[PDB]
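J.: For reference, the structure I am asking about is given below.
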Amino acid sequence: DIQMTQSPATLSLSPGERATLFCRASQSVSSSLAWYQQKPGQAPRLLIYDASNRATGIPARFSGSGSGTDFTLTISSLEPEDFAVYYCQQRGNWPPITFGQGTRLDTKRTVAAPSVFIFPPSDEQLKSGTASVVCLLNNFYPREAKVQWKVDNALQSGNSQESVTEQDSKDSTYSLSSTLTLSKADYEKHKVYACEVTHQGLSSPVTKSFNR
Amino acid sequence: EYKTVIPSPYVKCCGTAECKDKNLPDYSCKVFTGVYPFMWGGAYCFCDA
Amino acid sequence: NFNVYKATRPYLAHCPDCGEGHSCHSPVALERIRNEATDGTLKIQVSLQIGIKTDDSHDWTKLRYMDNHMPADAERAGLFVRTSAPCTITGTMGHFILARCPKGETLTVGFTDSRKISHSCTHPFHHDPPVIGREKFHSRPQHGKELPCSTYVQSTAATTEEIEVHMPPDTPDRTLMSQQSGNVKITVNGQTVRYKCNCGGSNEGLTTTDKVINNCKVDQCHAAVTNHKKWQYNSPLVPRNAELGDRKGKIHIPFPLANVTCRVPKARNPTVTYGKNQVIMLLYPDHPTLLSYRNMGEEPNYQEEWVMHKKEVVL
Amino acid sequence: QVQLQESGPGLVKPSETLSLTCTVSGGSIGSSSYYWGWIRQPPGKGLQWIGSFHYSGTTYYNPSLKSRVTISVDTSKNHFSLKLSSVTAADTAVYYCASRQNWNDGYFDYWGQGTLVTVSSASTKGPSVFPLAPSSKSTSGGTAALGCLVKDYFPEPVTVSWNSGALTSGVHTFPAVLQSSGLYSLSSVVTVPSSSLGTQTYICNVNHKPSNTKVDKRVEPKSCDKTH
């Protein structure tokens with residue numbers, strides 16, 4: 001099989017400026033690469049086929065180029081309607097037909113450090129038979145953040161989850177949720193818990209802790 | 001003077017082809033079995049019969 | 001206009017005689033030979049495209065012909081048409097050649113390749129121009145008479161006579177496979193290739209670059225070129241893609257039939273002598289000349305004969 | 001030119017047969033040289049290919065899924081159908097039907113309206129509401145954010161509002177994630193000055209349309225922050 005890797009995984013850049021995306025191939029596929037657009041609630045949309053020219057209805061703002069294993073997609077200018085998730089596909093050797101993992105295109109905004117809040121499980125979840133500890137990062141940009149949990153200084157594996165939201169309803173920013181999911185006995189055994197957050201808007205990682 | 005219009009023949013291999021009657025002035029259609037046509041690069045397709 | 005062949009490419013076709021008495025797949029092949037014109041002009045349809053070269057620019061000095069999965073250019077000056085003696089080509093456009101040929105039984109159209117090799121296709125074709133007038137002449141004379149006839153004009157405009165061009169079928173090629181110790185390697189050279197095998201991994205596939213398939217023999221795999229970026233005439237000498245036609249292109253057939261006058265000779269004045277209810281005419285035909293006579297009464301008693309030599313007839 | 005429309009159950013069970021039928025409009029199967037196919041995308045991942053159908057009679061399938069994937073065509077009623085047998089929870093993804101009208105290559109440029117296919121859990125579970133109460137630690141410089149979590153509900157989506165739907169401005173929602181038990185949870189918050197919390201009773205209104213379930217749950221500042 002042949003695998004494509006896109007760069008960067010997430011791109012934030014203001015409307016009206018030039019943009020560039022990279023797609024790297026595991027094997028040389030000549031010019032067998034297509035650049036694809038997808039929007040939330042919408043089916044994927046073809047922009048560039050064979051890493052050149054353009055499909056019908058696709059304006060000249062998109063320009064594909066490259067060869068062999070390296071291909072580039074250039075946007076002359078991002079209008080407000082051009083923000084979507086972009087993909088690269090190879091057809092040089094199929095089946096199977098291979099697509100890229102997707103690059104996230106955002107509009108660049110002002111730096112906002114994440115504000116971290118902790119919600120321990122209350123009696124309504126402690127009587128529910130499970131334990132869900134919530135760590136919320138609100139009002140930060142860009143959207144990517146690092147969240148880790150510490151439970152009585154014991155190394156954890158496979159018992160943490162995270163989710164990233166869309167544009168904020170007030171600040172036009174992004175927020176993140178982290179959840180520690182445990183059994184009732186496991187939560188009752190431990191007492192102190194910590195959520196640590198590393199983000200680009202912070203000079204250093206910030207760790208918040210609580211006791212139950 | 002008349003001219004005979006002959007669209008390109010349909011080579012269906014690994015299968016059996018069929019056609020439908022048309023209302024053209026003098027229309028004739030037929031299916032021939034067991035053909036193994038070749039092109040300039042070799043045999044058109046694998047299945048030998 | 002010349003701008004019709006924008007997205008069309010020539011095609012290789014079967015030819016019953018490639019010059020050495022053996023049928024082969026030629027870049028040039030005769031599709032239809034039309035001789036509706038009564039002055040003898042022939043409109044020969046060939047798989048070549050004359051007047052339009054590769055890179056899709058009009059050029060009367062060049063023609064384009066398919067070589068191997070892709071077209072190539074050649075000079076027009078090497079094009080020749082013959083039946084028994086070389087013909088005078090009065091015009092060319094795309095797939096069509098307007099020529100004048102001597103009486104003959106075959107028709108051969110050929111040219112010179114880029115590699116300085118000759119290509120030719122020969123078809124049996126009874127060419128014998130119909131007699132215009134009452135004299136079988138061989139070239140138009142200085143002094144004579146004019147009679148109605150029909151010819152192929154030089155005009156290359158749209159004539160509402162239309163020919164369909166559609167997407168060509170997959171082009172098989174045995175050259176695309178090379179065997180190395182039970183490994184079949186498929187080259188591409190820039191064209192998408194379909195392959196289907198019943199060895200090793202029996203899963204058929206599609207490539208755009210070179211591949212190798214292990215534990216396989218060249219005998220048990222098939223390859224073809226599928227991504228055709230240009231459409232060709234739906235000639236009866238290439239297979240069809242599906243039950244229906246792709247359509248998707250159209251080309252006007254140039255040199256429409258047009259409605260002209262032809263020059264014919266007038267025979268020499270015969271030497272006429274008289275006798276009792278008798279006319280003795282001595283005739284000097286240069287070429288087979290029709291002599292006819294009738295009575296002007298109720299009984300015409302029409303009589304005719306083709307005088308070919310100096311002859312004395314008593315009427 | 002041509003249009004695609006998907007149809008299928010959407011929700012399937014383990015070891016059940018998934019069938020998706022894509023009907024073509026503005027055209028027919030017996031058309032110019034081009035492909036058909038099906039594509040699928042798990043949430044948060046790239047697009048994955050199941051299979052493709054060429055009109056010539058050949059079929060192409062993804063080798064990892066070729067053992068169960070069957071693609072057929074009904075030219076009489078003019079559709080093409082994809083069938084996946086013994087579907088597992090790992091196959092939960094948004095499916096689309098696709099075709100490449102022009103130039104007859106492996107790409108795609110036409111699409112329908114794909115549908116989500118989920119394989120595990122059950123859709124008969126009604127929602128449960130949990131208040132994420134505000135606190136002095138949850139106050140963002142004088143303005144505090146309080147919310148509610150809808151846990152143990154299926155199928156998605158779930159409607160979350162505040163104060164009988166009268167307050168919808170400023171509500172921030174999170175993408176909900178399925179657990180490894182078939183259970184689903186979504187957190188929705190709202191940021192308000194704390195002075196309105198102790199004067200107007202704050203209610204999380206949770207509506208589950210597929211089960212037609214309406215729950216109004218009181219969300220108030222945590223008792224540890226109350227002077228009782």
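A note on labels: chains of the structure tokens are A, B, ... as shown, every chain counts residues from 1, and ligands are counted from 1 in their shown order.
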Against chain B, which residues of chain D fall within 12 Å? For each one I want the closest pair of atoms and the distance in Å (one decimal), counting only C-alpha atoms, rows by chain and increasing residue number, as a tab-separated table.
T.:
```
residue	atom	partner	partner_atom	distance
D:55	CA	B:12	CA	11.9
D:56	CA	B:12	CA	8.7
D:57	CA	B:15	CA	8.8
D:58	CA	B:14	CA	10.3
```
J.: For the selection you just gave me, I'd like the residues written to a file as a PDB file, in the first residue's frame, keeping C-alpha atoms.
T.:
```
ATOM      1  CA  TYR D  55     -19.456  -0.884 -16.012  1.00  0.00           C
ATOM      2  CA  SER D  56     -17.316  -3.313 -18.040  1.00  0.00           C
ATOM      3  CA  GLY D  57     -18.187  -6.110 -15.591  1.00  0.00           C
ATOM      4  CA  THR D  58     -15.155  -5.996 -13.304  1.00  0.00           C
TER       5      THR D  58
END
```
J.: Residues at most 6 Å from range 19-23 of chain D, counting only C-alpha atoms, excluding those fewer than 4 positions away in the same chain, as JSON, numbers by chain?
T.: {"D": [4, 5, 6, 7, 8, 79, 80, 81, 82, 83]}
J.: Which residue out of A:128, A:30, A:90, A:183 has the minimum interatomic distance to chain C when only C-alpha atoms are used?
T.: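 The shortest atom-to-atom distance to chain C comes from A:30.
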J.: Which residue is closest to residue 19 in chain C? Choose from C:217, C:58, C:64, C:119 and count only C-alpha atoms.
T.: C:119
J.: Would you list the contacts of residue 154 in chain D as a PyMOL selection string, taking every protein, DNA or RNA residue within 8 Å and counting only C-alpha atoms, but skipping same-chain residues closer than 6 positions in sequence?
T.: chain D and resi 122-127+183-184
J.: Could you list, as a list in words, the residues of chain C having an atom within 10 Å of chain A when counting only C-alpha atoms?
T.: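 Every residue meeting the condition is included here: residues 190, 192, 193, 203, 204, 205, 206, 207, 208, 209, 210 and 211 of chain C.
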J.: Counting only C-alpha atoms, a student should be able to say which residues of chain D come within 10 Å of chain A; what is the right answer, written as number ranges by chain?
T.: D: 39, 44-52, 60-65, 94-96, 102, 105-114, 129-135, 137-140, 145, 151, 169-177, 179, 187, 190-191, 222
J.: Determine the nearest neighbour of chain B from the options C:141, C:16, C:256, C:169, counting only C-alpha atoms.
T.: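 Result for the nearest residue to chain B: C:169.
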J.: Taking the chain letters and numbering used in this document, name the residues of range 145-303 of chain C that DSSP puts in strand (DSSP E or B), as a PyMOL selection string.
T.: chain C and resi 145-152+162-166+171-172+177-180+183-186+193-197+205-207+211-213+221-225+231-233+250-252+257-265+271-275+278-283+289-293+303
J.: Compare C:199, C:33, C:216, C:167 by their minimum atom-to-atom distance to chain D, counting only C-alpha atoms, and give me the closest one.
T.: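 Answer, going by the shortest atom-to-atom distance: C:167.
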J.: Leaving out range 188-203 of chain A and any residue of its chain fewer than 6 positions from it, which residues lie within 8 Å of it when counting only C-alpha atoms, given as a tab-separated table (two decimals) with C-alpha atoms, in the first residue's frame?
T.:
```
chain	number	residue	atom	x	y	z
A	111	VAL	CA	-3.35	34.44	21.34
A	112	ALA	CA	-5.56	33.24	24.21
A	113	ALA	CA	-4.27	31.10	27.06
A	114	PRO	CA	-6.57	28.25	28.17
A	116	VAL	CA	-8.66	25.46	33.21
A	118	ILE	CA	-12.09	21.08	37.28
A	135	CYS	CA	-11.15	19.20	33.09
A	140	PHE	CA	-7.94	29.58	24.12
A	141	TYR	CA	-6.53	29.79	20.60
A	142	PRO	CA	-5.09	27.92	18.72
A	144	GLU	CA	-4.41	22.26	19.96
A	145	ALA	CA	-3.54	21.61	23.61
A	146	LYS	CA	-1.89	18.95	25.78
A	147	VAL	CA	-3.82	17.53	28.74
A	148	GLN	CA	-2.51	14.95	31.22
A	149	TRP	CA	-3.90	13.51	34.46
A	150	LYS	CA	-2.17	12.50	37.69
A	151	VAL	CA	-3.89	10.16	40.16
A	152	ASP	CA	-1.92	9.57	43.38
A	209	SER	CA	-5.24	19.74	41.73
A	210	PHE	CA	-8.11	18.85	44.03
A	211	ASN	CA	-9.07	16.43	46.79
A	212	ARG	CA	-12.35	14.56	47.15
```
J.: Residues within 12 Å of residue 37 in chain B, please, as a PDB file with N, CA, C and O atoms, in the first residue's frame. Count only C-alpha atoms; anything in the same chain fewer than 2 positions from it doesn't count.
T.:
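And here's out20.pdb as it stands now:
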```pdb
ATOM      1  N   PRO B   9     -17.775  -2.212 -33.679  1.00  0.00           N
ATOM      2  CA  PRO B   9     -18.313  -3.458 -33.122  1.00  0.00           C
ATOM      3  C   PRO B   9     -18.072  -3.537 -31.625  1.00  0.00           C
ATOM      4  O   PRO B   9     -17.120  -2.957 -31.099  1.00  0.00           O
ATOM      5  N   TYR B  10     -18.948  -4.264 -30.936  1.00  0.00           N
ATOM      6  CA  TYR B  10     -18.868  -4.409 -29.489  1.00  0.00           C
ATOM      7  C   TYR B  10     -18.251  -5.761 -29.156  1.00  0.00           C
ATOM      8  O   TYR B  10     -18.885  -6.797 -29.353  1.00  0.00           O
ATOM      9  N   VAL B  11     -17.033  -5.752 -28.635  1.00  0.00           N
ATOM     10  CA  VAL B  11     -16.358  -6.981 -28.235  1.00  0.00           C
ATOM     11  C   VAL B  11     -16.607  -7.194 -26.750  1.00  0.00           C
ATOM     12  O   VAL B  11     -15.991  -6.529 -25.909  1.00  0.00           O
ATOM     13  N   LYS B  12     -17.510  -8.115 -26.421  1.00  0.00           N
ATOM     14  CA  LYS B  12     -17.786  -8.474 -25.034  1.00  0.00           C
ATOM     15  C   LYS B  12     -17.141  -9.824 -24.773  1.00  0.00           C
ATOM     16  O   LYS B  12     -17.632 -10.855 -25.245  1.00  0.00           O
ATOM     17  N   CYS B  13     -16.044  -9.822 -24.032  1.00  0.00           N
ATOM     18  CA  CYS B  13     -15.359 -11.055 -23.691  1.00  0.00           C
ATOM     19  C   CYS B  13     -15.579 -11.372 -22.220  1.00  0.00           C
ATOM     20  O   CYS B  13     -15.890 -10.489 -21.416  1.00  0.00           O
ATOM     21  N   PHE B  32     -21.846 -12.789 -32.759  1.00  0.00           N
ATOM     22  CA  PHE B  32     -21.004 -13.902 -33.168  1.00  0.00           C
ATOM     23  C   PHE B  32     -20.235 -14.432 -31.968  1.00  0.00           C
ATOM     24  O   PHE B  32     -19.605 -13.663 -31.236  1.00  0.00           O
ATOM     25  N   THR B  33     -20.283 -15.745 -31.776  1.00  0.00           N
ATOM     26  CA  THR B  33     -19.676 -16.400 -30.630  1.00  0.00           C
ATOM     27  C   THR B  33     -18.295 -16.935 -30.986  1.00  0.00           C
ATOM     28  O   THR B  33     -17.987 -17.210 -32.148  1.00  0.00           O
ATOM     29  N   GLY B  34     -17.463 -17.079 -29.958  1.00  0.00           N
ATOM     30  CA  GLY B  34     -16.155 -17.677 -30.132  1.00  0.00           C
ATOM     31  C   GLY B  34     -15.152 -16.839 -30.889  1.00  0.00           C
ATOM     32  O   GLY B  34     -14.269 -17.394 -31.548  1.00  0.00           O
ATOM     33  N   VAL B  35     -15.258 -15.518 -30.818  1.00  0.00           N
ATOM     34  CA  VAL B  35     -14.305 -14.631 -31.472  1.00  0.00           C
ATOM     35  C   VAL B  35     -13.192 -14.295 -30.489  1.00  0.00           C
ATOM     36  O   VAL B  35     -13.437 -14.132 -29.288  1.00  0.00           O
ATOM     37  N   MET B  39      -5.629  -6.758 -31.141  1.00  0.00           N
ATOM     38  CA  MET B  39      -5.285  -5.388 -31.479  1.00  0.00           C
ATOM     39  C   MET B  39      -3.802  -5.326 -31.825  1.00  0.00           C
ATOM     40  O   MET B  39      -3.113  -6.348 -31.889  1.00  0.00           O
ATOM     41  N   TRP B  40      -3.310  -4.109 -32.056  1.00  0.00           N
ATOM     42  CA  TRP B  40      -1.913  -3.956 -32.445  1.00  0.00           C
ATOM     43  C   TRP B  40      -0.968  -4.393 -31.335  1.00  0.00           C
ATOM     44  O   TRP B  40       0.130  -4.885 -31.614  1.00  0.00           O
ATOM     45  N   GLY B  41      -1.371  -4.225 -30.081  1.00  0.00           N
ATOM     46  CA  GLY B  41      -0.561  -4.625 -28.954  1.00  0.00           C
ATOM     47  C   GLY B  41      -0.699  -6.068 -28.533  1.00  0.00           C
ATOM     48  O   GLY B  41       0.022  -6.504 -27.631  1.00  0.00           O
ATOM     49  N   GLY B  42      -1.596  -6.827 -29.154  1.00  0.00           N
ATOM     50  CA  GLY B  42      -1.815  -8.216 -28.825  1.00  0.00           C
ATOM     51  C   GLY B  42      -3.289  -8.524 -28.729  1.00  0.00           C
ATOM     52  O   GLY B  42      -4.135  -7.844 -29.319  1.00  0.00           O
ATOM     53  N   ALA B  43      -3.606  -9.577 -27.980  1.00  0.00           N
ATOM     54  CA  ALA B  43      -4.997  -9.958 -27.783  1.00  0.00           C
ATOM     55  C   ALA B  43      -5.739  -8.873 -27.017  1.00  0.00           C
ATOM     56  O   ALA B  43      -5.184  -8.231 -26.123  1.00  0.00           O
ATOM     57  N   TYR B  44      -7.008  -8.669 -27.376  1.00  0.00           N
ATOM     58  CA  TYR B  44      -7.778  -7.587 -26.776  1.00  0.00           C
ATOM     59  C   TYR B  44      -7.972  -7.805 -25.278  1.00  0.00           C
ATOM     60  O   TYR B  44      -7.876  -6.858 -24.490  1.00  0.00           O
ATOM     61  N   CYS B  45      -8.241  -9.043 -24.867  1.00  0.00           N
ATOM     62  CA  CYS B  45      -8.574  -9.347 -23.481  1.00  0.00           C
ATOM     63  C   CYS B  45      -8.279 -10.820 -23.205  1.00  0.00           C
ATOM     64  O   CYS B  45      -8.071 -11.614 -24.126  1.00  0.00           O
ATOM     65  N   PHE B  46      -8.259 -11.184 -21.917  1.00  0.00           N
ATOM     66  CA  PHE B  46      -7.764 -12.503 -21.523  1.00  0.00           C
ATOM     67  C   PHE B  46      -8.648 -13.647 -22.001  1.00  0.00           C
ATOM     68  O   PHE B  46      -8.183 -14.515 -22.747  1.00  0.00           O
ATOM     69  N   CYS B  47      -9.905 -13.693 -21.556  1.00  0.00           N
ATOM     70  CA  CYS B  47     -10.663 -14.936 -21.639  1.00  0.00           C
ATOM     71  C   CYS B  47     -10.693 -15.446 -23.075  1.00  0.00           C
ATOM     72  O   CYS B  47     -11.134 -14.758 -24.000  1.00  0.00           O
ATOM     73  N   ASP B  48     -10.199 -16.670 -23.249  1.00  0.00           N
ATOM     74  CA  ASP B  48      -9.815 -17.190 -24.553  1.00  0.00           C
ATOM     75  C   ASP B  48     -10.986 -17.717 -25.366  1.00  0.00           C
ATOM     76  O   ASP B  48     -10.828 -17.943 -26.571  1.00  0.00           O
ATOM     77  N   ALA B  49     -12.144 -17.915 -24.753  1.00  0.00           N
ATOM     78  CA  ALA B  49     -13.298 -18.449 -25.461  1.00  0.00           C
ATOM     79  C   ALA B  49     -14.552 -17.860 -24.834  1.00  0.00           C
ATOM     80  O   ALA B  49     -14.485 -17.113 -23.854  1.00  0.00           O
TER      81      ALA B  49
ATOM     82  N   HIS C  14      -6.483  -2.111 -38.461  1.00  0.00           N
ATOM     83  CA  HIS C  14      -6.117  -3.264 -39.268  1.00  0.00           C
ATOM     84  C   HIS C  14      -6.098  -2.890 -40.743  1.00  0.00           C
ATOM     85  O   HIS C  14      -6.982  -2.182 -41.231  1.00  0.00           O
ATOM     86  N   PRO C 172      -4.756  -2.796 -25.483  1.00  0.00           N
ATOM     87  CA  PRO C 172      -3.894  -3.853 -24.951  1.00  0.00           C
ATOM     88  C   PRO C 172      -2.479  -3.727 -25.482  1.00  0.00           C
ATOM     89  O   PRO C 172      -2.240  -3.170 -26.557  1.00  0.00           O
ATOM     90  N   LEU C 237     -13.090  -0.418 -37.246  1.00  0.00           N
ATOM     91  CA  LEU C 237     -11.869  -1.185 -37.046  1.00  0.00           C
ATOM     92  C   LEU C 237     -11.306  -1.053 -35.636  1.00  0.00           C
ATOM     93  O   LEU C 237     -10.148  -1.414 -35.414  1.00  0.00           O
ATOM     94  N   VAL C 238     -12.079  -0.521 -34.694  1.00  0.00           N
ATOM     95  CA  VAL C 238     -11.701  -0.526 -33.282  1.00  0.00           C
ATOM     96  C   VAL C 238     -12.909  -0.979 -32.469  1.00  0.00           C
ATOM     97  O   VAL C 238     -14.053  -0.706 -32.859  1.00  0.00           O
ATOM     98  N   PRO C 239     -12.715  -1.678 -31.354  1.00  0.00           N
ATOM     99  CA  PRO C 239     -13.862  -2.143 -30.570  1.00  0.00           C
ATOM    100  C   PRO C 239     -14.561  -1.001 -29.849  1.00  0.00           C
ATOM    101  O   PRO C 239     -13.981   0.054 -29.588  1.00  0.00           O
TER     102      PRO C 239
END
```
J.: With only C-alpha atoms as the counted atoms, please give the residues lying no more than 6 Å from residue 252 in chain C, apart from itself and same-chain residues fewer than 4 positions off, as JSON, numbers by chain.
T.: {"C": [158, 161, 162]}
J.: For those residues, write N, CA, C and O atoms to a file as a CSV table (one decimal), in the first residue's frame.
T.:
```csv
chain,number,residue,atom,x,y,z
C,158,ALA,N,-17.7,24.0,-42.3
C,158,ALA,CA,-18.6,23.0,-41.8
C,158,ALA,C,-19.7,22.7,-42.9
C,158,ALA,O,-20.2,23.6,-43.5
C,161,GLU,N,-22.4,17.5,-42.7
C,161,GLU,CA,-22.2,16.1,-42.7
C,161,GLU,C,-21.2,15.7,-41.6
C,161,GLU,O,-20.1,16.2,-41.6
C,162,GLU,N,-21.6,14.9,-40.7
C,162,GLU,CA,-21.0,14.9,-39.3
C,162,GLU,C,-20.5,13.4,-39.1
C,162,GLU,O,-21.2,12.5,-39.4
```
J.: I'd like the contact shell of residue 84 in chain C - 12 Å cut-off, only C-alpha atoms, skipping same-chain residues fewer than 3 positions apart - returned as a list in words.
T.: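 In the requested format, the answer is residues 81, 87, 100, 101, 102, 103, 104, 105, 106, 107, 108, 109, 122, 124, 125, 126, 127 and 128 of chain C.
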J.: Could you work out which residues of chain C fall inside 7 Å of chain B? Count only C-alpha atoms, and format the result as a list in words.
T.: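 That gives the following set of residues: residues 25, 172, 173, 174, 222, 234, 235, 236, 237, 238, 239, 240, 242 and 243 of chain C.
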J.: Set the cut-off to 7 Å and count only C-alpha atoms: what are the residues of chain C that reach chain D? Output as number ranges by chain.
T.: C: 227, 229, 244, 246
J.: Just how far from CA of residue 219 in chain C is CA of residue 181 in chain C, in Å to one decimal?
T.: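 Interatomic distance here is 13.4 Å.
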J.: Range 8-228 of chain D: which residues are helix (DSSP H, G or I) by DSSP, as a PyMOL selection string?
T.: chain D and resi 89-91+136-138+194-196+223-225
